[PDB]
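Visitor: I have a structure I would like to understand better, so I am pasting it below and will then ask my questions one at a time.
Any read-out appearing in this document is the output of simple, stated calculations on the displayed coordinates, not a laboratory observation. A quick note on method: Cβ atoms are made from the backbone with ideal geometry, for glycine too, and the neighbour counts reach across all protein chains shown.
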Amino acid sequence: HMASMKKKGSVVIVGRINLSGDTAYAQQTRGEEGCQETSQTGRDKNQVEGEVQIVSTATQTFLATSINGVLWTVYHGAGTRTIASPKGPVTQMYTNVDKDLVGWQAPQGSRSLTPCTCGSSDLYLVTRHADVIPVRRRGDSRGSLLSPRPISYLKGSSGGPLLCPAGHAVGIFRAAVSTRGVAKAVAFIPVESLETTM
Ligand SMILES: COC(=O)NC1(C(=O)N[C@H]2CCCCC/C=C\[C@@H]3C[C@@]3(C(=O)NS(=O)(=O)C3(C)CC3)NC(=O)[C@@H]3C[C@@H](Oc4nc5c(nc4C)CC=C(OC)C5)CN3C2=O)CCCC1
Ligand SMILES: [Zn+2]
């Protein structure tokens, strides 16, 4: 009934991947109880830092990456949800189900990656566990892992970046190709497809 109808909560930043120094490591900035409360209110007063955020809904967790002032993630994680912010829920600025892509204005305090113009095919995928995984680019939206590993190790890293040797954004991780549970290849939204959308 219309009186009964519920509202989905916001996406919430619950941590980050720290790439500041010589060692990449994940940091949690909010626990599950505070995450649930912030998803319901959409009001997140925590300080945001860095380029790759770990984000959560009530039911899923994944990554979001700032590139050129937009916090980008996957539609299959975020759907059409708002993101929590200090002043309340923020509506998506970009939504493209056909690319599995959404974006919001990048949160104050975040740092944005620069879009890659190198044309390099030697990429690096950053996971929610702060693994930096070498990936050879194999097409506009595909790359192969140099060291395959079970898909378990990639689960929850959609929305994370593929970076070039110079640390620029080449794309947003979207999906994995699984052969008997082993990830041999990944698919990603290329940064040019974000640059078009903008
Ligand atoms: C043979 O057929 C295929 O396998 N084809 C493909 C393939 O589907 N692979 C699978 C293998 C899964 C097994 C686990 C893979 C591990 C990590 C994955 C990175 C990662 C991830 O981590 N998610 S997550 O953070 O955990 C989560 C779910 C919390 C957000 N994403 C995934 O699971 C995604 C989700 C889904 O894909 C899509 N859903 C949608 C859209 N577009 C895609 C492409 C567009 C519009 C939508 O509206 C709803 C939905 C299946 N996904 C795969 O990756 C592979 C080649 C191209 C597509
Ligand atoms: Zn580059």
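Visitor: Looking only at the stretch 163-182, count every residue that is farther than 18 Å from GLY69 by Cβ and of a type outside the set (S, T, N, Q) and tell me the total.
Guide: 11
Visitor: Can you name every residue in the stretch 149-166 that is touching a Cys at 6+ places or on another chain (Cβ under 9 Å) and assigned to a loop (DSSP other than H, G, I, E, B)?
Guide: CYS164, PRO165, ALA166, listed by residue number.
Visitor: Quick one: which of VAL48, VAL74, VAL126, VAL102 is aliphatic (A, V, I, L, M) and within 16 Å of ligand 2 (Cβ to nearest atom)?
Guide: Of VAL48, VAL74, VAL126, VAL102, the one residue that is aliphatic (A, V, I, L, M) and within 16 Å of ligand 2 (Cβ to nearest atom) is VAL126.
Visitor: Within the stretch 72-84, can one find any residue that is touching a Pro at 6+ places or on another chain (Cβ under 8 Å), surrounded by fewer than 20 Cβ atoms within 10 Å (Cβ to Cβ) and on the phi > 0 side of the Ramachandran plot? Break it down stepwise before answering.
Guide: Within the stretch 72-84, the first condition is being touching a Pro at 6+ places or on another chain (Cβ under 8 Å), and the residues that meet it are 82-83.
This time we only want the ones that are surrounded by fewer than 20 Cβ atoms within 10 Å (Cβ to Cβ), so: 82.
Filter again for on the phi > 0 side of the Ramachandran plot, leaving none.
Within the stretch 72-84, not a single residue is touching a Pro at 6+ places or on another chain (Cβ under 8 Å), surrounded by fewer than 20 Cβ atoms within 10 Å (Cβ to Cβ) and on the phi > 0 side of the Ramachandran plot.
Visitor: Note down all Cβ pairs under 6 Å where the first residue falls in the stretch 174-189 and is more than 22 Å from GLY103 (Cβ to Cβ), the second is within 6 Å of ligand 1 (Cβ to nearest atom), and they're at least six residues apart or on different chains.
Guide: Once the first residue is more than 22 Å from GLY103 (Cβ to Cβ) and sits in the stretch 174-189, its partners that are within 6 Å of ligand 1 (Cβ to nearest atom) give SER178/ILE151; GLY181/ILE151; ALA183/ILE151; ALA183/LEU154; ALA183/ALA176; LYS184/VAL177; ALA185/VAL177.
Visitor: Let me ask you something else. Quick check: is even one residue across the stretch 130-142 within 16 Å of ligand 2 (Cβ to nearest atom), in a loop (DSSP other than H, G, I, E, B), surrounded by fewer than 16 Cβ atoms within 10 Å (Cβ to Cβ) and within 17 Å of the chain's Cα centre (by Cα)?
Guide: No: zero hits.
Visitor: What residue, among those in the stretch 1-24 that are in contact (Cβ under 8 Å) with a residue 40 or more places away in the chain and of a type in the set (S, T, N, Q), is nearest to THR82 (Cα to Cα)? Lay out the reasoning, then the answer.
Guide: Here is the first cut: in the stretch 1-24, the ones in contact (Cβ under 8 Å) with a residue 40 or more places away in the chain are 8-14, 17-19, 24.
Narrowing the set further to residues that are of a type in the set (S, T, N, Q) leaves 10, 18.
Values: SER10: 5, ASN18: 24 Å.
For the stretch 1-24, the residue satisfying everything is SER10.
Visitor: Of the residues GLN27, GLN36, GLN105, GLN40, which is under 14 Å from the mean Cα position of the chain (by Cα) and either in contact (Cβ under 8 Å) with a residue 12 or more places away in the chain or surrounded by fewer than 16 Cβ atoms within 10 Å (Cβ to Cβ) (or both)?
Guide: On inspection, the qualifying residue turns out to be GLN105.
Visitor: Here's a check for you: in the stretch 79-103, which residue that is part of a strand (DSSP E or B) and within 16 Å of ligand 1 (Cβ to nearest atom) is farthest from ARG174 (Cα to Cα)?
Guide: Filtering first and then ranking leaves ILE83.
Visitor: Give the residues of the stretch 105-131 that are in contact with a helix residue (DSSP H, G or I) (Cβ under 9 Å, 6 or more places away or on another chain) and within 16 Å of ligand 1 (Cβ to nearest atom), sorted by residue number.
Guide: Scanning the stretch 105-131 gives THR127, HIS129, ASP131.
Visitor: Write out, first by first residue and then by second, each pair whose Cβ atoms fall under 6 Å of each other, whose residues are 6+ apart or on separate chains, and whose first residue, in the stretch 144-157, is at positive phi while the second is away from ligand 2 (no atom under 16 Å from the Cβ) and among the hydrophobic types (A, V, I, L, M, F, W, C).
Guide: Taking only residues 6 or more apart or on different chains, the pairs are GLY156/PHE62.
Visitor: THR179 passes all but one of (1) over 21 Å from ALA24 (Cα atoms); (2) crowded, with 17+ Cβ neighbours inside 10 Å; (3) among the β-branched types (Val, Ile, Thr); which number fails?
Guide: Only one criterion is unmet by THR179, namely (2).
Visitor: Got at least one residue in the stretch 49-63 being under 23 Å from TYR153 (Cβ atoms), free of Cβ contacts under 8 Å to residues at least 12 places away in the same chain and out of contact with any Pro (no Cβ under 9 Å at 6 or more places or on another chain)?
Guide: yes
Visitor: Which one is surrounded by the most Cβ atoms within 10 Å (Cβ to Cβ), of the residues in the stretch 151-167 that are within 16 Å of ligand 2 (Cβ to nearest atom) and farther than 13 Å from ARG137 by Cβ?
Guide: Filtering the stretch 151-167 for residues within 16 Å of ligand 2 (Cβ to nearest atom) gives 161-167.
The next check asks that each one be farther than 13 Å from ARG137 by Cβ; those that pass are 161, 166-167.
Details: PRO161: 29, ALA166: 10, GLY167: 13.
Here the residue is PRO161.
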